[PDB]
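We just call them A, B, C, D and E in the order they show up, numbering each chain from 1.
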Amino acid sequence: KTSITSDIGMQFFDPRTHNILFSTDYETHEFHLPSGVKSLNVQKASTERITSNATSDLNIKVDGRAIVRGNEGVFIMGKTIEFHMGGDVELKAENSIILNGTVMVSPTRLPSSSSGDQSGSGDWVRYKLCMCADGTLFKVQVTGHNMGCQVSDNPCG
Amino acid sequence: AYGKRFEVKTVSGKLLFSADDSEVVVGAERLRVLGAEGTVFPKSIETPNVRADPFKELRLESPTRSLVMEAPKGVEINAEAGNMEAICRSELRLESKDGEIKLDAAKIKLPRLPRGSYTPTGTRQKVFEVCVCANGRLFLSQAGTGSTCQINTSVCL
Amino acid sequence: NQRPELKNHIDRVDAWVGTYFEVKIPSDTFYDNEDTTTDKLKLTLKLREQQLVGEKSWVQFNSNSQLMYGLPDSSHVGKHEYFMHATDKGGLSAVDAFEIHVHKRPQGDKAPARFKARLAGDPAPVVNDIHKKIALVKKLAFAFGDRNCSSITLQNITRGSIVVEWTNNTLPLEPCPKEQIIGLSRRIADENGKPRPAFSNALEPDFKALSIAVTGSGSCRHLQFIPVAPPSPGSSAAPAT
Amino acid sequence: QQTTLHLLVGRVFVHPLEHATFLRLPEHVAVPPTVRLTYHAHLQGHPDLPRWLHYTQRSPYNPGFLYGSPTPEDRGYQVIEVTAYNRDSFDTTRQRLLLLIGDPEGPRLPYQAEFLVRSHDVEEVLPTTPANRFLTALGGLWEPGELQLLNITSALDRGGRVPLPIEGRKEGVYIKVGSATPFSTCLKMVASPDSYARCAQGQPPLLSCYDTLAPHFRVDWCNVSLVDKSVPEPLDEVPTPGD
Amino acid sequence: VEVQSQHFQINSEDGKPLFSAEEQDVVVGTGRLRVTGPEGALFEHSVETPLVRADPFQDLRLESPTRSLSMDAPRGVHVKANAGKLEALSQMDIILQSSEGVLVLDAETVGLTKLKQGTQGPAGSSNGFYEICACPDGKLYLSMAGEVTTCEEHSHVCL
């Protein structure tokens, strides 16, 4: 090492013009970013927008959790949005979820009933889904056989 | 100056500057960048916090590529005062290899499902219908033939 | 009725520790198709999610007159976020998120004048009641004859007896202008520190006034302003080398 | 791809961006109005435009606009890259522009007036025809003389407020007009302290000479900044490199 | 300690430059900087980097204090977590959209927390209601409501 100890710190100025080119008294002389930095490691970046190059991705790599908080809404756009979640996916809104567009579901993983499993005589409580005119979903109790979505009441407001 | 490490510290001991082989540590309490057209960091940034100024909006955009985010321990998205919109064009995939999907909103709408068409004879493929168990777990059952959404054994609570 | 639109944002409210701060919501922040102005809507303030702001919080929102007032505490330095919900008669709500900065005064320790007023009673109810603190500051401002409460910057409240110390933000930092200090001393008390009758009338009936004192700080830190001071001894550091 | 343009220091330059150029649709056909585009211009090798440039656009359907008045310290060669980004097919296109900042020609313009047009927006003034119409309308009051634009800026950049859409309220623009002939008596009277005193309490601004900008240009008359550049600023001191 | 010269420089032991301050501008040659101030950097307009990491802090927090955060990528947006979980919260709405494509819900079990109930009564009007069916392709479709099952009657849609 090559150590310097002082109450203020080192200061370097050019004698030709007598302007402090680099001072360690940060309070009096603010620090300007030196050219040539390839990477930066700051405690908090108060930026405004982060962009990649004209022909490169924007990789965001972490080791713990990533927390995203838009205080007036989070908007996502693109071509194919994917969520390769290894655990649970929990969409928890408070007014409505609008699953716009064509909806699909994997049949090979969902529990699909097989033909020849009438062993259970007890008619446990079950429901059949139903699609109202406006869009709301509602379930109806199943009692007998060969029944559909005929309901006297108005469930979807 | 030569050697292996050059450092500057106060009398009590505090790294105000240290230019070793790996990195250049600077003890400034706040670094300010005054570029007008922006700054370019070829390699990366390393921060534990990103925070837009209290008059603008953060925008993580990639101009002509894809945006890939990695977070092994989990991802949380919050929008305290706005819709959590997610608009795509080709395919929106929600994956959960060994988990579940939960929708806890007060109501659910799907107002673009493909409307059916009347066919006298119809087709012979078993078009499953969707039915919900007591605890809210979905399942598929064979088309109208004898029994109903019953025949489920013990896979739901 | 379509939900109200957020025409104009606030996104920032600045405040300094100690001084009374208040902000009036502008007349074009919100706009509905029918009510057409924010003053006709129902404005409310919320902390986060939908939980309400407690009455003991340092920030309060007077909804009927659409005003926000507060006196930030000494330990609330930093940044906070809030939410303003506008609800119309149709039940539709529009939310604007803004942020309040609480920053220390630039003259926190360089204030030329530091005051002191002694009041009989207990300080426990006063410290833990924002309304009582606001009333005390307004009464102090009225006693001094200045209707603007923003000048007085409270600093400390002690135990045992209610001893309150403050500065005057209007007073210049350098040099210390002794003449208006002594004029305020005459208008506030006598040479021996007994309070002026106007001061006693103004402060009452909230507390009981017994005596006040005024010391120096800043450049002329070696001067006491109540006319019982031995002002000649100052730093008294004249050694010989 | 690239294009070469000529610019004069201290003058307004506007280069509208249109769907026809970027989408490269056939000339004999017209681009459908339903298409949407969001251009984003930036300096080459940098993530944003320089200080003197500005980009504006009202709606994705409407064409974009690049404007701004170059500063003397920004003279030389500049490259601006524009990245059009369709919002329907989510496919992008790129283009380049070459700007050569020249130098002003002819005598200097020492008499400048900063207006405030509250009846128009920055989108409706940038095209050539409204600017020319405004210049001809203002030529009557400033006659004799020719008026050349020097600076156009949206009111929102000057600490403005978003207007309530009640009937026709708009943000408004600031237009700076320079000329070499001295102001007439009307403009001098408008800039007199009497008008400021009148609109201090709410009295209408004093106006004796006949207006021509009305009704197509509602102008805040008692807020008009007059600047005289005669007797130019003295030379600033510079340090000589020491021995 | 005052250094008065024309070109200050700090090198490695071998001789590779590490830092240099002169009249032109300061230059950092090691290719890495680190500010240890609690207030951190304060940028002005924009930042252009191809990678954002979170050092050994093991936690990244993107936040917009008073406006709407928004992501964007023309080629698509990917979110990955080998052993994590997604929790999307919103006090107003959660809107998932696809202009032309599909919405794949790949999960062995999918649960619906909130779903009301409606009494089965023949007296009500059949119009204004629909029944959801899922043909072996995997897609979902609607059929006109009725007192009996009707999924097989309109099974031509996914032929």
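Here, a residue touches a chain if its C-beta (ideal position, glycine included) is under 8 Å from a C-beta of that chain, and two chains touch if they have at least 3 such contacts.
Chain centres here are C-alpha means, and the one lying farthest from subunit D is C. Pairs C-D and B-C differ in how many C-beta pairs touch across them, and the larger number is found at B-C.
Centroid to centroid, with C-alpha atoms defining each point, subunit C and subunit E lie 43 Å apart. One simple way to say how far apart two chains are is to compare their mean CA positions; for subunit A and subunit B this gives 3 Å.
Between the CA-based centres of subunit A and subunit C the separation comes to 41 Å, rounded to the whole angstrom. Residues of subunit D found to touch two or more other chains are 46-48, 83, 85, 88, 90, 92, 94. Shown for subunit B are the residues that touch two or more other chains, namely 1, 3-4, 6, 23, 26-29, 31-34, 36-52, 54-56, 58-96, 98-108, 110, 113-114, 128-130, 132, 137-138, 140, 144.
Under the contact definition stated at the top, the residues of subunit E that touch 2 or more other chains are 28, 31-55, 57-99, 101-110, 112, 115, 131-132, 134, 136, 139-140, 142, 148-150. Taken pairwise by the contact criterion, the protein chains are fully connected, each one touching every other. Pairs of chains meeting the touch criterion: A-B, A-C, A-D, A-E, B-C, B-D, B-E, C-D, C-E, D-E.
Residues of subunit B that touch subunit E in their complex: 1-4, 6, 15, 19, 21-52, 54-96, 98-108, 110, 113-119, 122-123, 125-130, 132, 135-138, 140, 143-145. For subunit C in complex with subunit D, the residues that touch the partner chain are 7-8, 28, 31, 36.
Note for the complex: subunit B touches subunit D at residues 36-40, 63-64, 89. Residues 45-48, 74, 99 of subunit E touch subunit D in their complex. Residues 11-12, 48-49, 79, 83, 95-99, 101 of subunit C touch subunit B in their complex.
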